[PDB]
Amino acid sequence: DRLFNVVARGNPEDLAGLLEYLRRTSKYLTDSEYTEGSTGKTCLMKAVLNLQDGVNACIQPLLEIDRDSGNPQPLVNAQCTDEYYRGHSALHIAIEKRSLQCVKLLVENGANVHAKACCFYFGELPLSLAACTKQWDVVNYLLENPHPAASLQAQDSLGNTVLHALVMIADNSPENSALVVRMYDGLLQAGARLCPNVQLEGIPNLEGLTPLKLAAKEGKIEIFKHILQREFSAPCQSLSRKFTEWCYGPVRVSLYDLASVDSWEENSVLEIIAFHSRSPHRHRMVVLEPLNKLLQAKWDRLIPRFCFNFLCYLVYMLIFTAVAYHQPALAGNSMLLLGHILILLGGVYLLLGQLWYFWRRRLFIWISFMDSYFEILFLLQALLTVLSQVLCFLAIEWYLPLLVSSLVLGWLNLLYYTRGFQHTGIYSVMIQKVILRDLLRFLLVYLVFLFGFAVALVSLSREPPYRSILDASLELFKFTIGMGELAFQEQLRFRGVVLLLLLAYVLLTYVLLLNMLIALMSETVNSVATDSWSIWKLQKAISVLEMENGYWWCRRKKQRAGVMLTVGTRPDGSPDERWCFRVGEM
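Residues numbered from 1 in each chain as written, not as in the entry; some residues may be left out. Part of a larger assembly, values for the part shown. Heavy atoms only, no water. Residues with missing side-chain atoms left out of burial classes, pairs and counts.

Structure determination for this entry is recorded as cryo-EM, at 3.80 Å resolution.

Put into structure tokens, the structure is as follows:
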């Protein structure tokens, strides 16, 4: 066709000449019925692709052509194919091309907002697409153009509102992040000046989330800082409140609005970041001021119960220990039975505690292992304890081994409560993290090749007795704690090679340990420093949020929701009040 050859033309007047044929035939929406594939949008997509005179003076007339066709579905109703951009409009394409005019025309052509574009820029509201492209003019054009706007109150199939979207795409890159901030607050005040009154934030995402909550779970950072600490104020922008106020200070003695951060109501921002949040690095986020002020406060508030619990634990250990040590090869038999029973009581208590702890985690997949290992250790200890006493009453053969295992472990478990007391606990932990990782990787290899050498030596010894494989492996292991042998004897008659071999061993395990030592050394040589400090900070935070509520081991089952915030002083305009928190100085 003429228009078919005008798929690539630059002169749509030809396609108007065949639009006379469009006037002739009763065939409507022949844009598909032409040669055009790729959903058929390719004509208008070609118009877009042209960018004639920095605009499309090609599109406008051909737009007028499709208009004149009176077709059931114009070419904007076209849906781009799945997996790359699914149902993506030529409109969306236009925005992608950053053409203001022809877009304004498409709108003027009667093109529609609500759509699904899929990409990795979700833009299901074309408004949001515009935002992703970072152009005000166009968003204001939506505001105006054609006449209506796209209600921000509208959400997509993911449920994610424009804001949520912004946050999704919100990146580390502080350039991009900055512009995003600008447009974020800008759109905030925009809709707030236009809606003007409705909740622009607080609309649940797929998993119900405030856009801020969404920030957390998505592990958003810079804009989290921004959204947290804001300044809006005039004209009515103080109805949005920007989460801030100030009064009674030479330098800014300020009040903060703890709303979704309130740490009790439902699942707080804290409650999110703590557990639910996946994270490359969460260690940063709790370092934010309006948090750590609250946190430290809550801590100061929370200690005596903590140190008490600690003390209890300690007592328990003492008991456990004595019960073990003074336990004979079988005060008095009375206090003996008392011992065992008391153990059993502690054991059941803990195992219950930690149990419903996991329950409370819904058996949440713990990538928190790095933070959570103590939890596990408790659990495992506990179960071993009670198991021990089980086989005590049942009078099973092996009990005391399991018992004392639970003991040794038990103490080793204790140092958990360092979490609170001292500040070098920080480095102890950061270390604990990287060091354990690297040490595992190491230990495997060490093990394996030592095993190799084991079979070597045993085999050559196979004709006093240096024979038992395990034994051989010991005689070989004692070289790494340096009680080892290396003695030469012509007894073996391949003595030469035997000793030669274990010498190779020595050299080798040495170079290995060296390798490791330096390796992890380097790891901390590159150091984010106070990142560790923060690592400690949150390490503490998790604890506080846990001691937030009682014991569903039911020593005290119900802890009050008694945490709360000061009542707000702010009746700005039609909104008449809030309920909030206080910071200071700086």
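(A) Fine view of unusual backbone geometry. In the segment running from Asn145 into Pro146, the intervening peptide bond is cis, with an omega of -5°. Within the fold, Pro146 resides in the loop between helix 10 (136–144) and helix 11 (162–169). That bond from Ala234 to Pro235 is cis: its omega, -10°, falls within 30 degrees of zero. Of note, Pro235 is situated in the loop between helix 14 (222–228) and helix 15 (237–240). Unlike most non-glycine residues, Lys242 shows phi in positive territory, near 50°. Within the secondary structure, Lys242 sits in the loop between helix 15 and strand 1 (255–256). The backbone of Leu363 shows a phi angle near 50°, a positive value even though the residue is not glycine. (Helix = DSSP H or I, 4+ residues; strand = E, 2+ residues; numbered from the N terminus.)

(B) Representation of the domain arrangement of the chain in the model. According to the domain assignment, the chain consists of domain 1 (1–288) and domain 2 (289–562). The distance between the C-alpha centroids of domain 1 and domain 2 comes to 52 Å. Contacts between domain 1 and domain 2 engage 17 residues on the former and 18 residues on the latter. Here the side of domain 1 that touches domain 2 takes 5 residues from helix 16 (residues 269–276), the largest share from any one element. A class-by-class count of the residues in the side of domain 1 that touches domain 2 yields 11 nonpolar, 3 polar and 3 charged. (Domains from an automatic or database assignment. Contact = heavy atoms within 4.5 Å. Nonpolar A, V, L, I, M, F, W, Y, C, P; charged D, E, K, R; others polar.)

(C) Region of the structure containing the UniProt feature "repeat: ANK" (unreviewed entry) in the chain. Summarizing the sequence annotation, UniProt attributes the feature "repeat: ANK" (unreviewed entry) to residues 86–118 and 207–230 in the numbering used throughout. Counting secondary structure, residues 86–118 comes out at 52% helix and 0% strand; the distance between its end C-alpha atoms is 4 Å. Regarding residues 207–230, the helix share stands at 58% and the strand share at 0%, and the terminal C-alpha atoms are separated by 26 Å. (UniProt positions renumbered as here; feature names shortened; annotations may be inferred.)

(D) Main features of the sheet that holds strand 1. Spatially, the 3 strands line up as an open sheet ordered 1-3-2, and their pairing is antiparallel. Sheet topology places strand 1 and strand 2 (566–567) at the edges, where each strand pairs with a single neighbour. Bridge analysis of strand 1 against strand 3 (residues 579–582) gives 2 bridges, and the strand direction is antiparallel. Residue pairing for strand 3: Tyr256 is matched across the bridge by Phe581. (Pairing = 2+ DSSP bridges.)

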